[PDB]
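A single chain comes next, written as structure tokens; it is the form solved without uridine-5'-diphosphate.
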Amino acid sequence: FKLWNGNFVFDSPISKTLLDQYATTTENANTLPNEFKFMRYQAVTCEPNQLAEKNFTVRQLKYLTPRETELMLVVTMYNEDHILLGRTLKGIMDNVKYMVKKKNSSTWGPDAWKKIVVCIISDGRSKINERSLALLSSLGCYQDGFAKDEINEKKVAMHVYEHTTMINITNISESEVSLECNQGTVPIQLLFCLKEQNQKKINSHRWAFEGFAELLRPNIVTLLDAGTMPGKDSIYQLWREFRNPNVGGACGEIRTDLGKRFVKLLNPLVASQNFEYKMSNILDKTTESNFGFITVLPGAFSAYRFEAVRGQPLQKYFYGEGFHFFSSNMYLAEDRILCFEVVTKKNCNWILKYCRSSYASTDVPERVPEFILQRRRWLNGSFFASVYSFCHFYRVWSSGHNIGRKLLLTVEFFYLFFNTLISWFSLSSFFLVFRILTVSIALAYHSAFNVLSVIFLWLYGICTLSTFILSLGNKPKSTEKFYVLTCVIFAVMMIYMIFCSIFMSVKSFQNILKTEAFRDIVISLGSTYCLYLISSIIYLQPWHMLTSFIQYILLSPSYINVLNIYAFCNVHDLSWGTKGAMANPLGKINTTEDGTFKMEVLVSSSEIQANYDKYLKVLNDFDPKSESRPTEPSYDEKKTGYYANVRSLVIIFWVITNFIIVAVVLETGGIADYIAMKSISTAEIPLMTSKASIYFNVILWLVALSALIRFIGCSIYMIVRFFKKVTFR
């Protein structure tokens, strides 16, 4: 063969069984376009940054009339099953089919399938699922065979497969995938590109944004994840948000999958997450979109404009530039930095908008060990992305917005840090609320309320201590039975804490009709629970305020005492290092010959004496006077020693600054003794002071105050969207 400009570009045909299916579609089975009956293979053996410099090309450039690209759909995966992968492909194909049948459109039409380009980017050739790859092979986009790993002393970086198929999935069952090819199917051009070795996930986005997108030059770049299934017309609704030239990014809403006939609602750990997803798409995202800055939830469905993300925003996302705090830990925020660098771009004005008429369902974990490992990634990233934004809020004023937008963004950057500070102090708030409430009901009614207030404290301190020891030196998959018991214990504590307040409040009412507990039934149940229901009704989805609202309350104590403790003890996921310097000089003959053969035996007396004097000389030049610097750690074992130091300094500052709040309200830590000894000179300790009644009201005023802003923000968004709908109708 004659390789093309130093590159191995091969062109193979397809199976005979597959071509016959395509032949039935046309009205004359004699000829077919070359794009429908071939599969271009090529090896890259270079970097994604210099893909266009090494005379590399894609299949879209070399046409009689060059094709333009309007949407580039990226779909990353890593050893997912062949059922999770099919769900995303089925959702993608239906949207493309929908966008073809549009009658009146200046962009889309009956020949609009030449714009969308699907791009699957797998990770690792030895880690991809065996069954998932067979699904791609059944679509005509994979052929076993050519896997050249090197070309002229150049290891290949990644393999590129590409083909324009005409088979789209019809129905995904629980154990089967239905494939069909009829007159009502649209062709989908695939660009399956498989990587060689495992390189995390940020490198996968580097192969797309800096790689193929640099050759195709699309308008919009949409990000997906294997498992997420877009809706019937979710692709089209998200594309309509770029009508005005100010938007530089968008995302829809994400929903949980309830199985078949709503069967997955009996699980207390699935119904709990069904209420948390709803309350995040109704109270938080709308309020963030009002100002003009949003952060996409993990697993969601997002799209960026390729003109906005080009240059500085992409330079500080991939590389980001030692061992400095804001440069070495910045990978923990995932892509939340990309959303922040777009709004604050110099001499430009881009805003992020939240679309509501585009949804994407997904599955959720149903076991406890698997559910803890997932939130570990979310919490560590949502905590660092708000500390980075607050310390760099001055960069908004160097942008190109007007005067109103800058002031509106500065307020939101403070309102987010206030929410972060509330969540940082939530470990010492729950204990104080639990302790000032059980004691206060024992000083008023006695009876059996005196022993129950001592059993629950010891049952709390034992479960809290065991979570710190099992998170610093153990895995959550080994000891699975203990976490379930801890969750049940916390749920029971929550039930008792709820009952005590109702009892005290009803007694207070009966003793004044026939105060800390008087306004406790007025602000924590009348102004917090009512606004949630009103906001849900306004959002026109009021069917989750009774379905799965009880289960979320019982698992509330396990969101701040089992999930925050594990997420802070595992920040960087270090691995130290073993290595080893095996003796390179080895394999001295094999003596395979049974006998006779003597090989080479040194008998040279002079050589023997030279060797003996060569070992005798080593003991001479030993003087340690010039003490050389000890062998410093490489670079891979010295960076690990830095991740272990910035992680032990966060656990200490999180425990010490939370115990100070407890030793100012409860007068623990030896402070009450100090007052008593000061009072015995000019001698006893009260059980409860007056500082436990001021604090018990402040921590409940902030809870209902933060639920008041989320209602005004949710209502303004709907009011504006209703007028937009009326005007555009």
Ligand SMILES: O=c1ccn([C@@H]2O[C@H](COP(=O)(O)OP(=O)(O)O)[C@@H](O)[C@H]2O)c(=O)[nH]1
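Take the two forms, find the largest set of C-alpha atoms that superpose within 1.5 Å, and that set is the rigid core. Position 1 is the first residue in the sequence shown; the rest follow in order.
Omission of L64 is seen in none of the other entries compared for this protein where the adjacent residues are built, far below a third. Compared with the other entries of this protein, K625 is frequently left unbuilt, missing from a third or more of those that build its neighbours. According to the record, 4 to 9 deposited residues between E321 and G322 are left without atomic coordinates. Coordinates are given for every residue of the deposited sequence from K260 through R261, so that no gap is recorded there.
Just so it is clear, the following notes concern the form solved in complex with uridine-5'-diphosphate, a form of the same protein that is not shown.
Looking at 307 to 315, 100 to 108, 534 to 542, 377 to 385, the stretch with residues near uridine-5'-diphosphate in the entry with it bound, meaning non-hydrogen atoms within 4.5 angstroms, turns out to be 377 to 385. For the chain shown alone, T76 is a contact residue for uridine-5'-diphosphate in the entry with it bound, at least one non-hydrogen atom being within 4.5 angstroms. Although the partner is absent here, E162 sits far enough away that none of its heavy atoms falls within 4.5 Å of uridine-5'-diphosphate in the entry with it bound.
Taking the partner from elsewhere, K201 is found to have a heavy atom lying within 4.5 Å of uridine-5'-diphosphate in the entry with it bound. Proximity of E341 to uridine-5'-diphosphate in the entry with it bound falls outside the 4.5 Å heavy atom cutoff. For the candidate set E196, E241, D94, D225, a heavy atom within 4.5 Å of uridine-5'-diphosphate in the entry with it bound is found for exactly one residue, namely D225. In the entry with it bound, just one residue of 114 to 129 lies within 4.5 Å of uridine-5'-diphosphate by at least one heavy atom: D123. The residue among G400, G259, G526, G311 whose Cα moves by 2 angstroms or more between this form and the one not shown, once the core is superposed, is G526. Fitting the two forms on the rigid core leaves the C-alpha of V650 displaced by under 2 angstroms between this form and the one not shown. Relative to the superposed core, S447 undergoes a Cα shift of 2 Å or more between this form and the one not shown.
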